[PDB]
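Quick note, the sequences are listed as chains by and cj, same order. Sequential numbering from 2 applies to the first sequence in PDB author numbering. Sequential numbering from 5 applies to the second sequence in PDB author numbering. Worksheet: one structure, shown below.
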Amino acid sequence: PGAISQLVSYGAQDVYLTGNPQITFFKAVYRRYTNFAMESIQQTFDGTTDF
Amino acid sequence: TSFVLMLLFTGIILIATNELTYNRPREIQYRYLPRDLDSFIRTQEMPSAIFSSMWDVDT
């Protein structure tokens, strides 16, 4: 009752957009990734740190 | 209808044996993806598959 008319009253001009769907916009896709971790680690200066 | 009946015996044997002329694809071979589409998969901007639509791929 609103959106339904937009779905049902299909034309020809929209075949390029939704005919033979290639992908589902809805289904979330993510990839599982490698294991890693981060740490902020201080490195030191070799030589005086000044002007 | 004896003569046509012997003709039917001939036809039944011949047709029952002769099926092996049309069939589905026979041998399955597995090849790695072309570099472009495989690299496209393993990055972002990858929507889910639909099982169809004959995706276009680079050459």
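All C-beta atoms in this analysis are idealised placements derived from N, C-alpha and C, irrespective of residue type, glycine included.
Residue i - partner residues in DSSP beta bridges
i, result
"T25(by)", "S52(cj)"
Where residue i sits in the DSSP three-state scheme
i, result
"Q14(by)", "coil"
"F52(by)", "coil"
"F44(cj)", "helix"
"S57(cj)", "coil"
"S6(cj)", "helix"
"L8(by)", "helix"
"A38(by)", "coil"
"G15(cj)", "helix"
"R30(cj)", "coil"
"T21(cj)", "helix"
Chain cj contact for residue i (CB, 8 Å cutoff)
i, result
"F26(by)", "yes"
"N21(by)", "yes"
"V16(by)", "no"
"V9(by)", "no"
Neighbourhood of residue i by C-beta, 6 Å cutoff - its chain only, sequence neighbours within 5 removed
i, result
"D40(cj)", "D62"
"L12(cj)", "none"
Minimum Cβ-Cβ distance from residue i to chain by less than 8 Å
i, result
"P38(cj)", "no"
"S43(cj)", "no"
"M50(cj)", "yes"
"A53(cj)", "yes"
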